Ligand SMILES: [Cl-]
Ligand SMILES: [Zn+2]
């Protein structure tokens, strides 16, 4: 999923 | 075709709340049909075409359709669309758990490995089998069905908790109210701010408000209250979640045969085991201890002077609500860097221009903005990425730079389309979205230097997402080891600490004049300022993240207070629960926060040994970095790709040298  | 744009971006952001709900169901029917089709095949009848390729093709079709459903929760201005997108994400996560835990599929994937001639199928096809089997054992498909059904229950619970944890933090609208006197030494920030009754101003706990107050505000009591409110966001609701979430992670890890959750999760990382993480963090923590002491001693003296000069009471310690303030004063005194002056030289347009030019030149790419592009918000812009030499169309990226109601609060990069192969045989165009929150333009948007660095950081993921070209969807884009995924982002940050690069990125917003060479030398030299305490802070968060996932009869806030005292030397304030705000714990960095510092060792080793040696804008090194680090994606192990680039195993020398040290 998401990459911060 | 691989040389065109037309019809390759399948995505649409027109979807109503009903359209999402129905497409969610339609997608589940379509996708499950393939898993049912493969499951109904007899054990003898299984082949590459009807089993391996069938699952690989539906993974492409699923993940693309899924981002139209799961992405609007982060960017849609319509709140009813965000709710449907969130609910679709919960549902499809429960669907993913069901499909991942299919025993009949796992049985046939194991049989296809033993019987098939593995030498005659491609290296990445062997990798697909090796990982599918590994995931099957990590989902407990070798265990009895009653244990699987328990593991399934807890995983569906754990999914909803994780989504709830971060949604609570995103949905938060907590604010405090102060007068002009109470917001002392904050610039005319004060005008871009909402008034209430009694001539008082509203301060949100969002990053554009919180950090300016903590960095600049000269009244200790308002820093104190802002820090108390910040480190108690969602305290009750997210403490409840953590108290469920961490034991469930432990219990599942025990059922799968791991001592802890940290051991379970480290197996899928380049660090391999928790023993290497503990040794990595403790060893680095020891090297930074003297810098930390020196920097704590200068801050404390500086506080005593300011308390004397203003005539405030002096408590003889650095409080959590003092740390960012006196770290800012340390930069102003030691390096002459006024961040509010310096940002006048970084208008958003000149930074965007400079950023895009830098990496067109470095990676041998060509970017073109698309006019009248289909976008989820008027202010979002689309770009198409070409190879320059061949003119191959690699991908597209959206830029979503300005804040608004309902938008994701922090800096992030999202893979929307994978750069993988299709059933057709053609390459799918990669698509990415850069999502950040800088001010908006009557004065233009002016970026602080760390905002430029964040911009550069996130664009490294965009380049990783687009330059990556793999056969299978699961290996495409940024789908690498979590402790390797921050290599491409953190390396690009180095271009924001170079004198010539910074001159290309900077121009005064009125005059058009350059940054003075003097101040440009000092900015590069200020890379080391506060580095001990900034890095010690990261070590604390890493250590806490490990500790919370290695034994779950600890109070999370106590454990955070412990490391804040022992490592950082600045105490957590009684009543706060920083772990309850720690959204990395629920966003796929659980037991993996060390990954930032771990990958920074690799990024610095690559930057010093190859880029800085042969010139940081050299297209031949930049093409090598593209071909060996970005292009493979998750189709190769992280340390193999480092070995291919470096021609050796990495070491800390460059990274140590980056901080000072030896
Ligand atoms: Cl059962
Ligand atoms: Zn990142």
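What follows is calculated from the coordinates using simple rules that are stated; it is not laboratory data. Cβ atoms come from the backbone with ideal geometry, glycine included; neighbour counts cover every protein chain shown.
Here the extension length gained between residue B:283 and residue B:191 equals 28.4 nm, from 0.36 nm per residue of separation less the Cα-Cα distance.
Summed over qualifying helices (DSSP H, 4 residues or more, each -39500 (n - 2.57)) and divided by its residue number, chain B shows a 222 nm mean residue ellipticity of -16500 deg cm²/dmol.
Which percent, nearest 5, of DSSP beta bridges in segment B:347-495 are antiparallel? About 75 percent, rounded to the nearest 5.
What percent does the relative contact order of segment B:1-138 come to when contacts are Cα pairs within less than 8 Å and at least six residues apart? Intermediate values should be presented prior to the final figure.
Numbers: 87 pairs, mean separation 40.4, N = 138.
Computed over segment B:1-138, the figure is 29 percent.
When a/c reaches 1.5 or more, the comparison of a/b and b/c decides; with that in mind, is chain B rounded, prolate or oblate per its Cα gyration tensor? Prolate shape, in that a/c is at least 1.5 and a/b is the bigger ratio. Using the average count of surrounding beta-carbon atoms within 10 Å as a protection proxy, the listed peptides B:35-45, B:266-276, B:308-318 rank, highest first, as B:266-276, B:35-45, B:308-318.
Note on residue B:145 and residue B:179: the extension gain reaches 6.0 nm, defined as 0.36 nm multiplied by sequence separation minus the Cα-Cα distance.
Each DSSP beta bridge with both residues in chain B is either parallel or antiparallel, and the antiparallel ones are about 75%. Please compute the modelled spin-label separation between residue B:377 and residue B:443, points set 7 Å along Cα→Cβ, answer in nm with one decimal. For the pair residue B:443/residue B:377, the computed spacing is 2.1 nm.
Summarised in one figure, the compactness ratio Rg/Rh of segment B:347-495, Cα atoms and Kirkwood Rh, is 0.96. Extent of segment B:531-662 along its three principal axes (Cα atoms, max minus min coordinate, largest first): 54, 34, 22 Å.
The mean of 1/r over all distinct Cα pairs in segment B:236-385, once inverted, gives the Kirkwood hydrodynamic radius of 22.1 Å.
Could you list B:51, B:420 so that the one with the fewest beta carbons within 10 Å of its beta carbon is first and the one with the most is last?
Working: B:51 21, B:420 25.
Least crowded to most crowded, the residues run B:51, B:420.
Centre-to-centre, using Cα atoms only, segment B:400-467 and segment B:301-369 are separated by 23 Å. Segment B:480-499 and segment B:55-104 have Cα centres separated by 29 Å. Directionally averaged projected area (segment B:265-350, Cα convex hull): 10.1 nm².
May I ask you to derive the FRET efficiency for residue B:130 and residue B:387 from their Cβ-Cβ distance with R0 = 30 Å, giving the value to the nearest 0.05? It would help to have the intermediate numbers written out before the result.
Values: r = 31 Å, r/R0 = 1.03.
It comes out at approximately 0.45.
Sorting B:472, B:175 on the 10 Å Cβ count, fewest up front, what's the list?
On the way: B:472 26, B:175 15.
Ascending Cβ contact count within 10 Å gives the list B:175, B:472.
Taken over the Cα atoms of the protein assembly as shown, the convex hull encloses 165 Å³ per residue. Distance between the 7 Å Cα→Cβ label points at residue B:40 and residue B:267: 3.4 nm.
Going by average Cβ density within 10 Å per residue, which order do the peptides B:542-552, B:608-618, B:526-536, B:163-173 take, highest to lowest? Intermediate results must be reported in sequence, preceding the final value.
Numbers: B:542-552: 21.6, B:608-618: 15.6, B:526-536: 19.4, B:163-173: 17.2.
Highest to lowest by the protection proxy: B:542-552, B:526-536, B:163-173, B:608-618.
If you take every DSSP beta bridge whose two residues both sit in segment B:372-440, what share of them, in percent to the nearest 5, is antiparallel? Mind dumping the intermediate values first?
On the way: 12 of 18 bridges.
Percent antiparallel among DSSP bridges in segment B:372-440 is about 65.
With all projection directions averaged, the alpha carbon convex hull of segment B:277-323 covers 3.9 nm². When the P(r) of segment B:1-138 is calculated, the portion above 20 Å amounts to 55% of the C-alpha pairs. For segment B:433-453, the residues whose backbone nitrogen is under 20 Å from a point 7 Å from the Cα of residue B:511, taken along Cα to Cβ, are B:443-449.
Looking at segment B:134-240, I'd like the Rg to Rh ratio, where Rg is from alpha-carbon atoms and Rh is Kirkwood's inverse mean 1/r. Show your work: numbers first, answer last.
Working: Rg = 21.9 Å, Rh = 17.1 Å.
Ratio value, two decimals: 1.28.
For the peptides B:484-496, B:191-203, residues were scored by their other Cβ atoms within 10 Å and the scores averaged per peptide; the highest-first order is B:484-496, B:191-203. The alpha carbon centroids of segment B:165-193 and segment B:253-294 are separated by 36 Å.
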